[PDB]
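Novice: Below: the sequence, then the experimentally determined structure.
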Amino acid sequence: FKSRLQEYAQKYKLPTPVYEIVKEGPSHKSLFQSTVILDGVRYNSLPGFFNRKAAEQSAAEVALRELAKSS
């Protein structure tokens, strides 16, 4: 959520988005999942990521897309 979406939440007077990170699977074949929670609304990233940054970006994309939908 950090960046544009963060500034948006601030302008929307919404509670600071909560970032949670979930890591599962083998130590050599691990998968990352990012969850961004904003005002009770949960934004889950896509599965099948092998990088924390990749999952985080996906989570942000979901939040942004859902924002455009609500826009």
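Specialist: That came through, no problem. Numbering: from 1, shown residues only.

Novice: mind listing what the closest residue to residue 49 other than its chain neighbours touches?
Specialist: Leaving out its chain neighbours, the residue that sits closest to residue 49 by CB to CB, 6 or more residues apart in numbering is residue 55, at 4.3 Å. To be clear about C-beta, it is placed using only N, CA and C from the backbone, and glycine gets the same treatment. Contact analysis of residue 55 by CB atoms under 8 Å, 6 or more residues apart in numbering lists 21, 32, 33, 34, 45, 46, 49.

Novice: quick one: which helix or strand includes the residue nearest the centre of the chain?
Specialist: For the chain, the residue sitting closest to the mean C-alpha position, by CA atoms, centre = their mean, is residue 59 at 2.8 Å. Secondary-structure assignment from DSSP states H and E places residue 59 in helix 52-70.

Novice: Which positions within that helix qualify as buried?
Specialist: 55, 56, 58, 59, 60, 62, 63, 64, 67 (16 or more other CB atoms under 10 Å).

Novice: Off-centre distance for it?
Specialist: In terms of CA atoms, centre = their mean, to the nearest Å, the centre of helix 52-70 is found 5 Å from the chain centre.

Novice: can you give me phi and psi for the most far-flung residue of the chain relative to its centre?
Specialist: Ranking residues of the chain by C-alpha distance from their mean position (CA atoms, centre = their mean) puts residue 28 at the top, at 23.8 Å. Dihedral pair for residue 28: phi -110, psi -10, per degrees, to the nearest 10.

Novice: Quick check: the gap between the residue nearest to the centre of the chain and residue 26.
Specialist: Counting by CB to CB, to the nearest Å, the gap from residue 59 to residue 26 is 23 Å.

Novice: Same list (the contacts of residue 55) but as a markdown table, adding neighbour count and distance to residue 9.
Specialist: Below are the contacts of residue 55 laid out as a markdown table (neighbours: other CB atoms under 10 Å; distance: CB to CB, whole Å):
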| residue | neighbour count | distance to residue 9 |
| --- | --- | --- |
| 21 | 13 | 19 |
| 32 | 22 | 23 |
| 33 | 20 | 21 |
| 34 | 24 | 16 |
| 45 | 23 | 18 |
| 46 | 14 | 22 |
| 49 | 19 | 24 |
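
Novice: Alright, I will stop here.
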